[PDB]
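Asker: Structure file protein_38.pdb, PDB, C-alpha atoms, is pasted below:
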MODEL        1
ATOM      1  CA  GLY C   1      -4.175  -1.725  16.336
ATOM      2  CA  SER C   2      -1.951   1.245  15.535
ATOM      3  CA  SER C   3      -1.785   4.727  17.057
ATOM      4  CA  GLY C   4       0.575   6.757  14.893
ATOM      5  CA  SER C   5       3.554   5.317  13.030
ATOM      6  CA  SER C   6       5.408   7.325  10.385
ATOM      7  CA  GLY C   7       8.894   7.300   8.895
ATOM      8  CA  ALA C   8       9.844   6.567   5.293
ATOM      9  CA  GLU C   9      12.591   7.524   2.842
ATOM     10  CA  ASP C  10      10.395  10.123   1.141
ATOM     11  CA  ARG C  11       8.724  12.087   3.937
ATOM     12  CA  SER C  12       6.410  13.418   1.226
ATOM     13  CA  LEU C  13       4.766   9.988   1.100
ATOM     14  CA  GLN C  14       3.292  10.960   4.469
ATOM     15  CA  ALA C  15       0.744  12.939   2.457
ATOM     16  CA  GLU C  16      -0.137   9.945   0.282
ATOM     17  CA  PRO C  17      -3.514   8.462   1.300
ATOM     18  CA  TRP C  18      -2.695   4.872   0.351
ATOM     19  CA  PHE C  19       0.428   5.315   2.476
ATOM     20  CA  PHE C  20       0.148   4.363   6.147
ATOM     21  CA  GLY C  21       3.685   4.627   7.490
ATOM     22  CA  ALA C  22       4.425   1.394   9.336
ATOM     23  CA  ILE C  23       1.426  -0.653  10.464
ATOM     24  CA  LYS C  24       0.434  -4.291  10.962
ATOM     25  CA  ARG C  25      -1.814  -6.450   8.782
ATOM     26  CA  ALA C  26      -4.428  -5.989  11.508
ATOM     27  CA  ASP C  27      -4.428  -2.191  11.323
ATOM     28  CA  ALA C  28      -4.317  -2.269   7.522
ATOM     29  CA  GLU C  29      -7.106  -4.847   7.314
ATOM     30  CA  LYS C  30      -9.610  -3.080   9.567
ATOM     31  CA  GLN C  31      -9.112  -0.177   7.160
ATOM     32  CA  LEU C  32      -9.777  -2.274   4.057
ATOM     33  CA  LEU C  33     -12.592  -4.370   5.524
ATOM     34  CA  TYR C  34     -14.194  -1.004   6.277
ATOM     35  CA  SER C  35     -17.558  -0.206   4.691
ATOM     36  CA  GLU C  36     -16.994   3.069   2.841
ATOM     37  CA  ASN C  37     -14.170   1.179   1.129
ATOM     38  CA  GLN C  38     -15.053  -1.322  -1.598
ATOM     39  CA  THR C  39     -13.334  -3.783  -3.934
ATOM     40  CA  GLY C  40     -10.186  -1.954  -4.984
ATOM     41  CA  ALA C  41      -9.233  -0.064  -1.834
ATOM     42  CA  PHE C  42      -5.456  -0.392  -1.510
ATOM     43  CA  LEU C  43      -2.890   0.772   1.045
ATOM     44  CA  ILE C  44       0.875   0.337   1.366
ATOM     45  CA  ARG C  45       2.595   0.060   4.748
ATOM     46  CA  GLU C  46       6.121  -0.402   6.097
ATOM     47  CA  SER C  47       6.864  -4.019   7.011
ATOM     48  CA  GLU C  48       6.861  -4.524  10.782
ATOM     49  CA  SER C  49       9.221  -7.501  10.987
ATOM     50  CA  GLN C  50      11.769  -5.865   8.683
ATOM     51  CA  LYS C  51      12.506  -2.189   8.040
ATOM     52  CA  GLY C  52      12.371  -0.670   4.568
ATOM     53  CA  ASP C  53      10.188  -3.402   3.090
ATOM     54  CA  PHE C  54       6.599  -2.516   2.199
ATOM     55  CA  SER C  55       3.292  -4.358   1.824
ATOM     56  CA  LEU C  56       0.470  -3.544  -0.594
ATOM     57  CA  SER C  57      -2.848  -4.406   1.052
ATOM     58  CA  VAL C  58      -5.708  -4.375  -1.458
ATOM     59  CA  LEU C  59      -9.381  -5.186  -0.892
ATOM     60  CA  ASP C  60     -11.144  -7.653  -3.187
ATOM     61  CA  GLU C  61     -14.736  -8.278  -2.106
ATOM     62  CA  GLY C  62     -13.973  -7.970   1.597
ATOM     63  CA  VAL C  63     -10.750  -9.931   1.174
ATOM     64  CA  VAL C  64      -7.333  -8.442   1.932
ATOM     65  CA  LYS C  65      -4.602  -9.488  -0.498
ATOM     66  CA  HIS C  66      -1.169  -9.005   1.070
ATOM     67  CA  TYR C  67       1.366  -8.291  -1.673
ATOM     68  CA  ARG C  68       4.986  -8.374  -0.509
ATOM     69  CA  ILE C  69       6.662  -5.317  -2.030
ATOM     70  CA  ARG C  70      10.266  -6.288  -2.751
ATOM     71  CA  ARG C  71      13.045  -3.806  -3.526
ATOM     72  CA  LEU C  72      16.096  -3.920  -5.796
ATOM     73  CA  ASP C  73      19.614  -2.498  -5.539
ATOM     74  CA  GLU C  74      19.529  -0.580  -8.823
ATOM     75  CA  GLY C  75      15.831   0.213  -9.102
ATOM     76  CA  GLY C  76      13.412   0.736  -6.239
ATOM     77  CA  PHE C  77      10.183  -1.128  -5.530
ATOM     78  CA  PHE C  78       8.450  -3.917  -7.450
ATOM     79  CA  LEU C  79       5.529  -6.226  -6.669
ATOM     80  CA  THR C  80       6.319  -8.538  -9.585
ATOM     81  CA  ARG C  81       9.692  -9.137 -11.233
ATOM     82  CA  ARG C  82       7.773  -8.672 -14.484
ATOM     83  CA  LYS C  83       7.466  -4.950 -13.762
ATOM     84  CA  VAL C  84       9.467  -2.604 -11.532
ATOM     85  CA  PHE C  85       9.028   0.973 -10.318
ATOM     86  CA  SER C  86      11.130   3.631  -8.588
ATOM     87  CA  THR C  87       8.910   5.057  -5.849
ATOM     88  CA  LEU C  88       5.670   3.972  -4.178
ATOM     89  CA  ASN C  89       4.144   6.699  -6.346
ATOM     90  CA  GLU C  90       4.865   5.225  -9.778
ATOM     91  CA  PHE C  91       4.085   1.880  -8.142
ATOM     92  CA  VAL C  92       0.389   2.696  -7.756
ATOM     93  CA  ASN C  93       0.154   5.199 -10.610
ATOM     94  CA  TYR C  94       0.827   2.260 -12.928
ATOM     95  CA  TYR C  95      -1.308  -0.609 -11.636
ATOM     96  CA  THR C  96      -4.155   1.865 -11.152
ATOM     97  CA  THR C  97      -4.523   1.517 -14.921
ATOM     98  CA  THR C  98      -4.463  -2.283 -15.054
ATOM     99  CA  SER C  99      -4.026  -5.243 -12.706
ATOM    100  CA  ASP C 100      -1.332  -6.926 -14.796
ATOM    101  CA  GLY C 101      -1.117 -10.150 -12.813
ATOM    102  CA  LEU C 102      -2.625  -8.636  -9.677
ATOM    103  CA  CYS C 103      -5.877 -10.215  -8.489
ATOM    104  CA  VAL C 104      -7.585  -6.839  -8.867
ATOM    105  CA  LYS C 105      -6.890  -3.389 -10.309
ATOM    106  CA  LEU C 106      -6.139  -0.541  -7.900
ATOM    107  CA  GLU C 107      -9.225   1.681  -7.980
ATOM    108  CA  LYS C 108      -8.869   4.150  -5.108
ATOM    109  CA  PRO C 109      -6.634   4.524  -2.024
ATOM    110  CA  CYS C 110      -7.977   3.357   1.338
ATOM    111  CA  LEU C 111      -9.439   5.894   3.765
ATOM    112  CA  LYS C 112      -7.720   7.448   6.782
ATOM    113  CA  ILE C 113      -9.668   6.973  10.015
ATOM    114  CA  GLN C 114      -8.858   9.430  12.802
ATOM    115  CA  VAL C 115      -8.024   8.005  16.229
ATOM    116  CA  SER C 116      -6.693  11.011  18.143
ATOM    117  CA  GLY C 117      -6.683  14.551  16.783
ATOM    118  CA  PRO C 118      -8.225  16.550  13.919
ATOM    119  CA  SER C 119      -7.648  16.022  10.195
ATOM    120  CA  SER C 120      -4.984  17.680   8.046
ATOM    121  CA  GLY C 121      -2.928  17.214   4.895
TER     122      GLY C 121
ENDMDL
END
Would you write out, as C-alpha cells, the structure that this file holds?
Answerer:
Amino acid sequence: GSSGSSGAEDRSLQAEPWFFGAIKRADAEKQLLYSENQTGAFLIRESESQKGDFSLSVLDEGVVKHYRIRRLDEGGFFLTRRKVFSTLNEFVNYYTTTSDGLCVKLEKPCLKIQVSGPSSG
C-alpha cells in the first residue's frame, strides 16, 4: 500500500510508466495482478530495504516474478550478468524484444492507478 513515492537518479524516469519510484512488492503486485493488465505487464521500483537498487516486477499468468536488478560500478543496471544496460530505459527497451533467460518477454508497462489527484504526464 503506497501513497506517493518518487526519487531516482534520472528524474525523467518519473514519466516512465513502468517506473513506480519506490514501492513495496505489495503495491507493485496489486498493480500487476490487476485485470486490465495481462501476461507481460512489467514495472520497476526502487528497493525498499536498500536505496538505489531496483526490482523488475513482471506478470506471467497472474504471477509476479520479482527480478532483483543489480548494478555495477562501471556500467549501470543489469538483471543478468549475461547482459548489462546503462539506464532503466535501455533495460526494458532491450528485453521488450526477447526474454533472453527471463521467464517471459516484456510486452507492455503496467498501468498507473490514481489514488489521490487527477492524471498528468
Asker: Rank nothing, just name the residue among C:119, C:35, C:5, C:80 nearest to residue C:56, using only C-alpha atoms.
Answerer: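 Closest residue, counting only C-alpha atoms: C:80.
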Asker: Taking the file as I've supplied it (selection: the PyMOL selection byres ((chain C and resi 55) around 12)), which residues are included? Please answer as a ChimeraX atom specification.
Answerer: /C:18-25,28-29,42-54,56-58,64-71,77-79,88,91
Asker: Please provide as a count of residues only all residues within 9 Å of residue C:111, with the sequence filter that same-chain residues fewer than 6 positions apart are discarded (counting all atoms listed in the file).
Answerer: 9
Asker: Rounded to one decimal, what separation in Å do you get between atom CA of residue C:97 and atom CA of residue C:16?
Answerer: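 A separation of 17.9 Å between them.
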Asker: Selection in question (the file shown): the PyMOL selection byres ((chain C and resi 93) around 12). Which residues does it include, as a VMD selection string?
Answerer: chain C and resid 16 18 85 to 92 94 to 99 105 to 109
Asker: Closest to residue C:115 among C:12, C:100, C:27, C:39, using all atoms listed in the file?
Answerer: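 That would be C:27, the residue with the smallest distance to residue C:115.
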Asker: Separation of atom CA of residue C:1 and atom CA of residue C:26, in Å?
Answerer: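 Computing the Euclidean distance for atom CA of residue C:1 and atom CA of residue C:26 yields 6.4 Å.
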